[PDB]
Structure formats: structure tokens, C-alpha cells
file run_17.txt (compact mmCIF, C-alpha atoms)
# COMPACT_ATOMS: atom_id res chain seq x y z
CA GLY A 2 7.67 -45.87 -14.78
CA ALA A 3 6.57 -44.72 -11.34
CA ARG A 4 9.00 -44.24 -8.48
CA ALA A 5 10.70 -40.87 -8.17
CA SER A 6 11.91 -38.23 -5.75
CA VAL A 7 12.71 -34.66 -6.73
CA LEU A 8 9.78 -32.28 -6.59
CA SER A 9 6.92 -32.31 -4.11
CA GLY A 10 3.21 -32.61 -4.82
CA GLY A 11 2.54 -28.89 -4.83
CA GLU A 12 6.12 -27.92 -5.60
CA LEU A 13 6.01 -30.13 -8.67
CA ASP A 14 2.70 -28.64 -9.72
CA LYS A 15 4.51 -25.32 -9.64
CA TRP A 16 7.51 -26.59 -11.55
CA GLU A 17 5.35 -28.14 -14.24
CA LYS A 18 3.38 -24.91 -14.04
CA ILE A 19 6.16 -23.13 -15.90
CA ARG A 20 6.50 -22.77 -19.65
CA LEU A 21 9.91 -23.57 -21.09
CA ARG A 22 11.40 -21.34 -23.75
CA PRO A 23 9.26 -18.75 -25.56
CA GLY A 24 7.79 -20.03 -28.80
CA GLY A 25 8.17 -23.63 -27.70
CA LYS A 26 4.81 -24.03 -26.00
CA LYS A 27 6.20 -26.73 -23.75
CA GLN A 28 5.66 -27.28 -20.04
CA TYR A 29 8.33 -28.44 -17.62
CA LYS A 30 8.24 -32.07 -16.52
CA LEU A 31 10.03 -34.41 -14.15
CA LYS A 32 11.88 -35.65 -17.21
CA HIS A 33 13.43 -32.23 -17.69
CA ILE A 34 14.36 -32.25 -14.02
CA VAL A 35 16.12 -35.59 -14.32
CA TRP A 36 17.89 -34.33 -17.42
CA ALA A 37 18.74 -31.19 -15.48
CA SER A 38 20.28 -33.18 -12.65
CA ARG A 39 21.90 -35.42 -15.24
CA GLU A 40 23.70 -32.43 -16.70
CA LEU A 41 24.90 -31.50 -13.23
CA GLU A 42 26.51 -34.90 -12.78
CA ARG A 43 28.24 -34.29 -16.09
CA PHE A 44 29.57 -31.00 -14.78
CA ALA A 45 31.27 -33.01 -12.06
CA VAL A 46 28.74 -31.79 -9.52
CA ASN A 47 26.51 -33.68 -7.12
CA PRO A 48 23.11 -34.24 -8.76
CA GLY A 49 21.59 -34.55 -5.31
CA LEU A 50 22.06 -30.80 -5.05
CA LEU A 51 19.11 -30.38 -7.38
CA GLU A 52 17.04 -32.43 -4.97
CA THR A 53 17.34 -29.55 -2.52
CA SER A 54 17.08 -25.79 -2.88
CA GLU A 55 20.34 -25.47 -0.98
CA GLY A 56 22.28 -27.64 -3.40
CA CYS A 57 20.54 -25.97 -6.32
CA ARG A 58 21.73 -22.63 -5.00
CA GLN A 59 25.32 -23.84 -4.94
CA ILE A 60 24.92 -24.97 -8.53
CA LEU A 61 23.16 -21.95 -9.99
CA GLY A 62 25.78 -20.06 -8.02
CA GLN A 63 28.70 -21.83 -9.64
CA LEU A 64 26.76 -21.98 -12.89
CA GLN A 65 26.53 -18.26 -13.56
CA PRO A 66 30.22 -18.26 -14.48
CA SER A 67 30.08 -21.64 -16.17
CA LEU A 68 27.26 -20.15 -18.21
CA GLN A 69 29.61 -17.85 -20.07
CA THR A 70 31.81 -20.88 -20.53
CA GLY A 71 29.05 -23.42 -21.06
CA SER A 72 26.94 -22.94 -24.16
CA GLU A 73 23.43 -22.53 -25.50
CA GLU A 74 22.56 -25.98 -24.21
CA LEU A 75 24.36 -25.50 -20.91
CA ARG A 76 22.44 -22.25 -20.58
CA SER A 77 19.10 -24.01 -20.82
CA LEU A 78 20.32 -26.24 -18.01
CA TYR A 79 20.94 -23.24 -15.79
CA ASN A 80 17.57 -21.78 -16.71
CA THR A 81 16.09 -25.08 -15.60
CA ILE A 82 17.72 -24.97 -12.18
CA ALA A 83 16.93 -21.28 -11.83
CA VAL A 84 13.25 -22.06 -12.23
CA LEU A 85 13.65 -24.92 -9.78
CA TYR A 86 15.10 -22.46 -7.30
CA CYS A 87 12.00 -20.33 -7.75
CA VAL A 88 9.82 -23.34 -7.01
CA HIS A 89 11.87 -23.87 -3.87
CA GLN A 90 11.20 -20.31 -2.77
CA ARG A 91 7.71 -20.44 -4.22
CA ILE A 92 8.08 -17.26 -6.25
CA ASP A 93 5.31 -16.20 -8.59
CA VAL A 94 6.63 -17.35 -11.95
CA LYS A 95 5.22 -18.39 -15.30
CA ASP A 96 8.10 -18.90 -17.70
CA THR A 97 11.77 -19.77 -17.38
CA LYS A 98 12.76 -16.18 -18.05
CA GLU A 99 10.33 -15.24 -15.30
CA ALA A 100 12.35 -17.33 -12.89
CA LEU A 101 15.51 -15.50 -13.89
CA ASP A 102 13.90 -12.23 -12.87
CA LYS A 103 12.12 -13.83 -9.95
CA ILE A 104 15.11 -15.75 -8.65
CA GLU A 105 17.06 -12.61 -9.45
CA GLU A 106 15.22 -10.57 -6.83
CA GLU A 107 15.46 -13.38 -4.30
CA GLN A 108 19.20 -13.65 -4.87
CA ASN A 109 19.70 -9.91 -4.56
CA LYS A 110 17.77 -10.33 -1.32
CA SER A 111 19.88 -13.16 0.06
CA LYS A 112 23.18 -11.66 -1.05
CA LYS A 113 21.95 -8.56 0.74
CA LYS A 114 21.77 -10.35 4.07
CA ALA A 115 25.28 -11.63 3.45
CA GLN A 116 26.54 -8.15 2.67
CA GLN A 117 24.89 -6.85 5.81
CA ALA A 118 26.61 -9.49 7.91
CA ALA A 119 29.96 -9.02 6.23
CA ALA A 120 29.50 -5.44 7.38
CA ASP A 121 28.98 -6.27 11.04
CA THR A 122 31.12 -9.36 10.61
CA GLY A 123 31.74 -11.33 13.78
CA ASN A 124 32.70 -14.95 13.23
CA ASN A 125 35.35 -14.93 10.52
CA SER A 126 39.04 -14.47 9.82
CA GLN A 127 40.04 -10.88 10.47
CA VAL A 128 43.27 -8.96 10.02
CA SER A 129 44.92 -6.14 11.93
CA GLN A 130 45.25 -2.60 10.62
CA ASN A 131 47.58 0.36 11.02
CA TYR A 132 46.79 3.95 11.88
CA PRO A 133 48.88 6.57 10.07
CA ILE A 134 48.97 10.25 10.96
CA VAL A 135 49.99 13.49 9.29
CA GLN A 136 50.39 17.09 10.36
CA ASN A 137 47.16 19.06 10.18
CA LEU A 138 47.06 21.89 7.67
CA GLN A 139 44.93 25.02 7.47
CA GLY A 140 42.64 25.48 4.49
CA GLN A 141 41.35 28.84 3.33
CA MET A 142 38.32 31.01 3.97
CA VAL A 143 35.83 30.30 6.74
CA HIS A 144 32.17 30.07 5.82
CA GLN A 145 29.57 30.56 8.53
CA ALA A 146 27.13 27.80 9.39
CA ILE A 147 23.36 28.08 9.17
CA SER A 148 21.49 30.04 11.82
CA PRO A 149 18.61 28.68 13.91
CA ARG A 150 16.46 31.58 12.79
CA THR A 151 16.52 30.28 9.24
CA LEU A 152 15.90 26.70 10.32
CA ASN A 153 12.69 27.87 11.95
CA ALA A 154 11.78 29.79 8.83
CA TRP A 155 12.20 26.67 6.73
CA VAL A 156 10.38 24.66 9.37
CA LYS A 157 7.42 26.92 8.67
CA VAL A 158 7.93 26.36 4.96
CA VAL A 159 7.81 22.61 5.46
CA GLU A 160 4.70 22.93 7.59
CA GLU A 161 3.36 25.10 4.79
CA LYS A 162 3.85 22.70 1.91
CA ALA A 163 6.76 20.39 2.62
CA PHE A 164 5.66 18.50 -0.47
CA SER A 165 4.74 20.76 -3.37
CA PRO A 166 6.04 22.54 -6.47
CA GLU A 167 5.92 25.79 -4.54
CA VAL A 168 8.12 24.29 -1.85
CA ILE A 169 10.87 22.87 -4.03
CA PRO A 170 11.79 26.43 -5.04
CA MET A 171 11.15 27.80 -1.57
CA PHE A 172 13.58 25.29 -0.11
CA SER A 173 16.23 25.91 -2.74
CA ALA A 174 15.90 29.58 -1.87
CA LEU A 175 16.55 28.99 1.81
CA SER A 176 19.20 26.53 0.71
CA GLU A 177 20.53 28.64 -2.13
CA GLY A 178 23.98 27.24 -2.81
CA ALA A 179 24.26 25.74 0.66
CA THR A 180 26.68 23.18 2.05
CA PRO A 181 26.15 19.64 3.34
CA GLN A 182 26.27 20.71 6.97
CA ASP A 183 23.73 23.41 6.21
CA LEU A 184 21.56 21.37 3.87
CA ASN A 185 21.78 18.50 6.33
CA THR A 186 20.69 20.79 9.14
CA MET A 187 17.73 22.06 7.15
CA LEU A 188 16.80 18.57 6.02
CA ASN A 189 17.10 17.63 9.67
CA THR A 190 14.70 20.27 10.94
CA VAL A 191 12.42 19.20 8.11
CA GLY A 192 9.37 17.09 8.82
CA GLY A 193 6.93 15.74 6.26
CA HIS A 194 7.42 12.02 5.72
CA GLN A 195 10.35 9.77 6.52
CA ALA A 196 9.37 7.62 3.57
CA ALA A 197 9.69 10.58 1.24
CA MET A 198 12.98 11.57 2.82
CA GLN A 199 14.12 7.99 2.38
CA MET A 200 13.57 7.97 -1.37
CA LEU A 201 15.12 11.41 -1.61
CA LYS A 202 18.26 10.01 -0.02
CA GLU A 203 18.20 7.30 -2.66
CA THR A 204 17.96 9.80 -5.50
CA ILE A 205 20.55 12.04 -3.90
CA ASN A 206 22.96 9.20 -3.20
CA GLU A 207 22.18 7.84 -6.65
CA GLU A 208 22.91 11.28 -8.05
CA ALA A 209 26.48 11.06 -6.80
CA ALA A 210 26.96 7.55 -8.13
CA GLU A 211 25.50 8.62 -11.45
CA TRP A 212 27.59 11.77 -11.38
CA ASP A 213 30.81 9.85 -10.88
CA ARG A 214 29.45 7.42 -13.45
CA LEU A 215 29.37 10.19 -16.02
CA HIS A 216 32.41 11.75 -14.40
CA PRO A 217 35.57 10.01 -15.64
CA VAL A 218 38.18 10.47 -12.93
CA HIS A 219 41.46 10.35 -14.82
CA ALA A 220 43.85 12.39 -12.72
CA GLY A 221 47.47 11.31 -12.86
CA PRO A 222 50.08 12.30 -10.27
CA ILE A 223 48.27 15.38 -9.01
CA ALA A 224 50.32 18.03 -7.26
CA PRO A 225 51.32 17.52 -3.62
CA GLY A 226 48.36 18.80 -1.64
CA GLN A 227 46.52 19.86 -4.77
CA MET A 228 42.74 19.73 -4.67
CA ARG A 229 41.93 16.40 -6.28
CA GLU A 230 38.63 15.86 -8.06
CA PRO A 231 35.85 14.96 -5.61
CA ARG A 232 33.17 12.56 -6.78
CA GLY A 233 29.45 12.50 -6.10
CA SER A 234 30.31 10.72 -2.87
CA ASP A 235 32.82 13.39 -1.93
CA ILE A 236 30.24 16.09 -2.55
CA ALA A 237 28.05 14.03 -0.25
CA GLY A 238 30.61 14.64 2.48
CA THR A 239 31.78 11.05 2.63
CA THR A 240 35.22 11.66 1.19
CA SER A 241 35.23 15.36 2.02
CA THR A 242 34.56 17.39 5.14
CA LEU A 243 32.54 20.56 5.53
CA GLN A 244 35.65 22.71 5.51
CA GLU A 245 36.92 20.96 2.41
CA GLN A 246 33.44 21.33 0.97
CA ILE A 247 33.00 25.07 1.37
CA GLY A 248 36.60 25.37 0.23
CA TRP A 249 36.06 23.25 -2.86
CA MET A 250 33.00 25.41 -3.42
CA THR A 251 34.98 28.63 -3.13
CA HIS A 252 38.00 27.04 -4.75
CA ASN A 253 39.66 28.25 -7.93
CA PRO A 254 38.16 27.35 -10.07
CA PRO A 255 35.02 27.16 -7.92
CA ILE A 256 33.26 23.81 -8.09
CA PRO A 257 29.49 23.49 -7.63
CA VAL A 258 30.04 21.01 -4.83
CA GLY A 259 27.32 22.31 -2.55
CA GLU A 260 25.26 23.33 -5.55
CA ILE A 261 25.45 19.77 -6.83
CA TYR A 262 24.27 18.42 -3.50
CA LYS A 263 21.54 21.04 -3.30
CA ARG A 264 20.32 20.06 -6.74
CA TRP A 265 20.31 16.46 -5.57
CA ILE A 266 17.85 17.35 -2.83
CA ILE A 267 15.72 19.18 -5.36
CA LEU A 268 15.89 16.06 -7.51
CA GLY A 269 14.42 13.91 -4.76
CA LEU A 270 11.97 16.46 -3.42
CA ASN A 271 10.91 16.69 -7.04
CA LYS A 272 9.98 13.02 -7.09
CA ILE A 273 8.50 13.33 -3.62
CA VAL A 274 6.28 16.16 -4.79
CA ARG A 275 5.58 14.46 -8.10
CA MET A 276 4.28 11.66 -5.90
CA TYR A 277 2.21 13.76 -3.53
CA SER A 278 0.99 15.92 -6.39
CA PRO A 279 -2.73 16.66 -6.72
CA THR A 280 -4.00 14.23 -9.33
CA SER A 281 -1.00 14.42 -11.63
CA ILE A 282 -1.26 13.83 -15.36
CA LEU A 283 0.52 11.26 -17.49
CA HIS A 284 3.30 12.10 -19.93
CA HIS A 285 6.14 10.51 -21.86
CA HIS A 286 8.56 11.43 -24.62
CA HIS A 287 11.83 9.88 -25.74
CA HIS A 288 13.94 9.28 -28.83
CA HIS A 289 13.77 5.60 -29.72
call {"tool": "encode", "arguments": {"input": "run_17.txt", "output": "C-alpha cells"}}
result
Amino acid sequence: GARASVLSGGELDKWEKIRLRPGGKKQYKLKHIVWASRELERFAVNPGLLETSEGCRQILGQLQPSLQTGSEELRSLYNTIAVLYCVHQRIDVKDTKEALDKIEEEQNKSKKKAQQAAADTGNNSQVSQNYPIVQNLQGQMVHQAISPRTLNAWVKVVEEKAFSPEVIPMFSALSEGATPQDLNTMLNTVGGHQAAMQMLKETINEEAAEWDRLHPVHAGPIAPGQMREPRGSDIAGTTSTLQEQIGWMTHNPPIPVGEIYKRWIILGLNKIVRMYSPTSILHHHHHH
């Protein structure tokens, strides 16, 4: 009966401009909001948090876990707040589920910032660290690096058709079973599109993650000094050095460390080319 304070004029129009559950054919209302906030109070949480996007965040935040401990009804409550959060951010939504995906992106965005900070942390409780040391050992075999003559050759290749199906093979040829220091050098001298190179890095990096994902590392008490099993990251040169790389490559048995990384590049370049391809055709085929 008149009198209220939760959603704004336009903000409310957005809230109400969101269909509830699918198959219900119901639109959100201030009543649902009140009920939403009401549920919060029941959860022993400040209902005034729903009045603001900040408080809503704290809820939805501490609701994700309570969701798996809440119930079907409690879930709907969370879905209600989620949508509200979208209205706060003003994300293009239509249904409650849409908010989940919408708010999802936003969250992943925010959390990102946090992560970034945590990285270059500054104002927070820190702890000291130690610095161990061990005698340096000598590996085996010494592979030669890449020459500048080849780099130039590739450079010409890139300038020829950096992005193309006739370049993917050409590059792999000049990078035939190459290392990270070599492949990195070549990819360095490259020059076609940073954007393309960016995505390639994503596919490459993703290749390692996926590799390790499908690569179950279950090595017990390996021998002392033995050559453990390097993961996609290791092959990337993050957990392994060039020396260790070439070695792992020429190890017994020999592991396609460099080959794996090389294939990664081809993977990306493949997508890069598939993107800069001359009027490509559509295609699709899968098994259910």
C-alpha cells in the first residue's frame, strides 16, 4: 500500500523486466524483492544488504555455499538476489538464469581485479620467506641454440604469409622439433598481429593445462635426482629450463617436450589462420 524503498525507478523497471523461472510466465515484482530480503533476515543476515548492490554481493557471495546447504526454495532466493545484482550492474538480462550467466561474467571480472591485486599485493599481512640452496649439477648433452640466419629466413616466411595454411607447415619446418628458447626466439622475430599471437598464447598455455588435465601425475617417491614427469607448464619452460628441456627431449626415454610445445604453437596458429582464412566454410560433426 504505497511507501517503499528498494529498487529505483529505472532499476526497478529492469528488475520487473525479468522473467522468473522458465515455464512459470511470471515477472519479478517488489513483492518478490521483499520476500527475498525477508529470507535474508531469516538466514541471520542483514536485509538492508539487499537494498544495496554491495550488501547483495556479500549475500550472494555467502549464499553460493549456503546454496548447496539451502534447498530448492533457498536456491530461488539466491537466484532472486543474483538477478538483483545484475540490475545493480545493469547487465543485459531477461530471465533469472540469464542473471546467473550475466552476474557470472561480472563476478569473474571483479574477482579478476582482486586476483590481480593479490598478485601485486601491497596493503596486507605478509610473511617472510627462506632461500634454500643446493650444489649445481651438470646435465647431459648440449644442444645448440637457433641461428640468426634462420630467424631472418622465418621472418621472410612471416612476411610471406604469417597467417595461412601454407605457413603453419612452413613454420613447423623451420621449427621442426624445436625448443622453447628456439621457438620463443622465432615467435619473437615473428610479426603479423599481436592479437593473433595473444590468442595463440592462450591456446598454447591452455594446451599445457589441458595436457596435464589429461595427464594424471601419479609419481610416488621418484629416485633421487631422477627426471620427474614435467607437465604442460613444465614443457612451457615454467617449471623447466632450456637445458632441462632439451635434455628431457633427448632423455631416455625421449619425451616430446619441445615437440609438444611446437604442436601447441601450430594449434594456435591454426586458429589464427582459420580466422584469417579467405572466406572459410562452415562445418561440424560430433557424436551426441
call {"tool": "atom_distance", "arguments": {"input": "run_17.txt", "atom1": "CA of residue 198 (chain A)", "atom2": "CA of residue 186 (chain A)"}}
result
13.6 Å
call {"tool": "atom_distance", "arguments": {"input": "run_17.txt", "atom1": "CA of residue 182 (chain A)", "atom2": "CA of residue 147 (chain A)"}}
result
8.2 Å
call {"tool": "closest_residue", "arguments": {"input": "run_17.txt", "among": "A:40, A:55, A:177, A:235", "to": "residue 81 (chain A)", "atoms": "only C-alpha atoms"}}
result
A:40
call {"tool": "residues_around", "arguments": {"input": "run_17.txt", "residues": "residue 62 (chain A)", "least_positions_apart": "5", "cutoff": "12 Å", "atoms": "only C-alpha atoms", "output": "PyMOL selection string"}}
result
chain A and resi 50+54-57+67-68+79+82-83+86+104-105+108+112
call {"tool": "atom_distance", "arguments": {"input": "run_17.txt", "atom1": "CA of residue 32 (chain A)", "atom2": "CA of residue 95 (chain A)"}}
result
18.6 Å
call {"tool": "residues_near_point", "arguments": {"input": "run_17.txt", "point": "(22.2, -22.0, -15.5)", "cutoff": "12 Å", "atoms": "only C-alpha atoms", "output": "ChimeraX atom specification"}}
result
/A:37-38,40-41,44,57-86,97-98,100-101,104
call {"tool": "closest_residue", "arguments": {"input": "run_17.txt", "among": "A:123, A:279, A:140, A:181", "to": "residue 227 (chain A)", "atoms": "only C-alpha atoms"}}
result
A:140
call {"tool": "residues_near_point", "arguments": {"input": "run_17.txt", "point": "(25.0, 22.9, -0.2)", "cutoff": "10 Å", "atoms": "only C-alpha atoms", "output": "VMD selection string"}}
result
chain A and resid 173 176 to 185 236 to 237 243 246 to 247 250 257 to 266
call {"tool": "write_last_selection", "arguments": {"input": "run_17.txt", "atoms": "C-alpha atoms", "output": "compact mmCIF listing (two decimals), keeping the file's coordinate frame"}}
result
# COMPACT_ATOMS: atom_id res chain seq x y z
CA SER A 173 16.23 25.91 -2.74
CA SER A 176 19.20 26.53 0.71
CA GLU A 177 20.53 28.64 -2.13
CA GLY A 178 23.98 27.24 -2.81
CA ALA A 179 24.26 25.74 0.66
CA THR A 180 26.68 23.18 2.05
CA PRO A 181 26.15 19.64 3.34
CA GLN A 182 26.27 20.71 6.97
CA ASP A 183 23.73 23.41 6.21
CA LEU A 184 21.56 21.37 3.87
CA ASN A 185 21.78 18.50 6.33
CA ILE A 236 30.24 16.09 -2.55
CA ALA A 237 28.05 14.03 -0.25
CA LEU A 243 32.54 20.56 5.53
CA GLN A 246 33.44 21.33 0.97
CA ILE A 247 33.00 25.07 1.37
CA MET A 250 33.00 25.41 -3.42
CA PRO A 257 29.49 23.49 -7.63
CA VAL A 258 30.04 21.01 -4.83
CA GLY A 259 27.32 22.31 -2.55
CA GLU A 260 25.26 23.33 -5.55
CA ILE A 261 25.45 19.77 -6.83
CA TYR A 262 24.27 18.42 -3.50
CA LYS A 263 21.54 21.04 -3.30
CA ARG A 264 20.32 20.06 -6.74
CA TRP A 265 20.31 16.46 -5.57
CA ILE A 266 17.85 17.35 -2.83
call {"tool": "residues_around", "arguments": {"input": "run_17.txt", "residues": "region 14-19 of chain A", "least_positions_apart": "2", "cutoff": "6 Å", "atoms": "all atoms listed in the file", "output": "PDB file with C-alpha atoms, in the coordinates of the input"}}
result
ATOM      1  CA  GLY A  11       2.540 -28.890  -4.830  1.00  0.00           C
ATOM      2  CA  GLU A  12       6.120 -27.920  -5.600  1.00  0.00           C
ATOM      3  CA  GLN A  28       5.660 -27.280 -20.040  1.00  0.00           C
ATOM      4  CA  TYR A  29       8.330 -28.440 -17.620  1.00  0.00           C
ATOM      5  CA  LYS A  30       8.240 -32.070 -16.520  1.00  0.00           C
ATOM      6  CA  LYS A  95       5.220 -18.390 -15.300  1.00  0.00           C
ATOM      7  CA  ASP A  96       8.100 -18.900 -17.700  1.00  0.00           C
TER       8      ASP A  96
END
call {"tool": "closest_residue", "arguments": {"input": "run_17.txt", "among": "A:35, A:118, A:146, A:21", "to": "residue 99 (chain A)", "atoms": "all atoms listed in the file"}}
result
A:21
call {"tool": "closest_residue", "arguments": {"input": "run_17.txt", "among": "A:218, A:31, A:5, A:197", "to": "residue 164 (chain A)", "atoms": "all atoms listed in the file"}}
result
A:197
call {"tool": "residues_around", "arguments": {"input": "run_17.txt", "residues": "residue 254 (chain A)", "least_positions_apart": "6", "cutoff": "12 Å", "atoms": "only C-alpha atoms", "output": "list in words"}}
result
residues 228, 230 and 248 of chain A
